[PDB]
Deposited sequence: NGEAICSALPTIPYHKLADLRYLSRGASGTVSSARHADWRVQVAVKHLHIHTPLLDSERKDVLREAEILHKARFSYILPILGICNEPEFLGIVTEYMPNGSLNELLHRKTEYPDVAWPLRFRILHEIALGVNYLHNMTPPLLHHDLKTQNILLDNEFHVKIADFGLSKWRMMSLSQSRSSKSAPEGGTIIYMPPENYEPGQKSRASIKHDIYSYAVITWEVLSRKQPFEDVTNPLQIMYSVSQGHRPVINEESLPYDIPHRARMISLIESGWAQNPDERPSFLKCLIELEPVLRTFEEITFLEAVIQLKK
């Protein structure tokens, strides 16, 4: 059995600690490792929850899972130290229509493929790992716009936005496919799911009755490559019946041919068209 212990980073090695965001999972700050001379992201009793998330990221390491660099566990400070994502989250890419006026299909399809690849790897673990928190904010993008899945605070080993939550989860495994289905809608539409509705309880009511973000020419245009394959995936994805929802392997199976259409350069052109 080949083991590896996650490095322990002393707080004093974390210099230029500027804050980035505060969320349910914790507070994200940008630092700079004193020895490694690289920019780093830092998330910071309630200690057990952080040490669990840190264990998850170390175990669930993959090409599309946020790379944990080490842990800061001191009596004064506790925080998860990971790689810094220059181009933030997918939420920012999709909804900053001023900053990012043009976004290309190759990039949008590359992102969707990568999310499925990461979530599929998690589900192929022994025991499987279920994210249970997938949002466009959790799908991070590196300098070359590649997916890095974050927020493993709610994730569980199979042994306040509710817009990505399946309706069965409301009242007291197929959760991630539901979240993925809303994310796939959101990526293709570039629209916020249930924008019309102000009250979150209305959204919850609507979905528990079978309502889902609208599919039409205004929401998802006909110019969308493989539109029918995509809508089929989205609709089966967010099926009211959990047993009717696909596996991520089936998403991969349906996605693989769509992505073979695009030439390797069109993605690099898409990432430059952005900057």
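K.L.:
Which parts of the deposited chain sequence are absent from the coordinates, listed in sequence order?
P.N.:
Missing CA coords at 1-3, 48-56, 172-186, 200-206, 310.
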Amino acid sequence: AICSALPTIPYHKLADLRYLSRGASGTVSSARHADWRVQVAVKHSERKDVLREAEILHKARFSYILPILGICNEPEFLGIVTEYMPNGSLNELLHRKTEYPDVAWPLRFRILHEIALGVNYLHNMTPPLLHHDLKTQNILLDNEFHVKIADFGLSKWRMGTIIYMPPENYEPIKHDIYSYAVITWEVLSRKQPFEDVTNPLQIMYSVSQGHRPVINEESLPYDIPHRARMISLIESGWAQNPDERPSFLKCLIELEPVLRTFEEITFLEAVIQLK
From here on, numbers count along this sequence of modelled residues.
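Heads up, when I say rigid core I mean the largest set of C-alphas that superpose within 1.5 Å between the two forms.
K.L.:
Fitting on the core, do the C-alphas of 209-217 or of 48-56 deviate more in 6 other deposited structures of this protein?
P.N.:
Relative to the shown form, the greater RMS C-alpha distance in 6 other deposited structures of this protein belongs to 48-56.
K.L.:
Once the rigid core is matched, which of the two stretches, 133-141 or 160-168, lies farther off on average in 6 other deposited structures of this protein by C-alpha?
P.N.:
After superposing on the rigid core, the more displaced stretch in 6 other deposited structures of this protein is 160-168.
K.L.:
Look at the other compared PDB entries that model both sides of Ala24, then say whether a third or more of them leave it out.
P.N.:
Across the compared entries, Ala24 is left out in at least a third.
K.L.:
Select between 120-128 and 194-202 the stretch whose C-alpha atoms have the higher average B-factor in the entry.
P.N.:
The entry gives the higher C-alpha B-factor average to 194-202.
K.L.:
Taking the recorded C-alpha temperature factors, which stretch has the higher mean, 133-141 or 100-108?
P.N.:
Taking the mean B-factor of the alpha carbons in each, 100-108 is higher.
K.L.:
Per the coordinate record, which of the options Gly70, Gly237, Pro225, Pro67 holds the highest CA temperature factor?
P.N.:
Reading the PDB entry, the winner on C-alpha B-factor is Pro225.
K.L.:
How does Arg47 rank on Cα B-factor within its chain, lowest, middle or highest third?
P.N.:
Its C-alpha B-factor, which the entry lists for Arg47, ranks in the highest third among residues of this chain.
K.L.:
Going by the recorded CA B-factors, say which third of the chain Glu114 sits in, lowest, middle or highest.
P.N.:
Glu114: CA B-factor falls in the lowest third of its chain.
K.L.:
Looking at the C-alpha B-factor of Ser179, is it in the lowest, middle or highest third of its chain?
P.N.:
Lowest third - that is where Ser179 ends up once the chain's C-alpha B-factors are sorted.
K.L.:
Per the entry's values, where does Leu17 land by CA temperature factor relative to the rest of its chain, in the lowest, middle or highest third?
P.N.:
For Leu17, whose C-alpha B-factor we compare with every modelled residue in the chain, the answer is the highest third.
K.L.:
Quick check for you: using the entry's CA B-factors within this chain, is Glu186 in the lowest, middle or highest third?
P.N.:
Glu186: CA B-factor falls in the lowest third of its chain.
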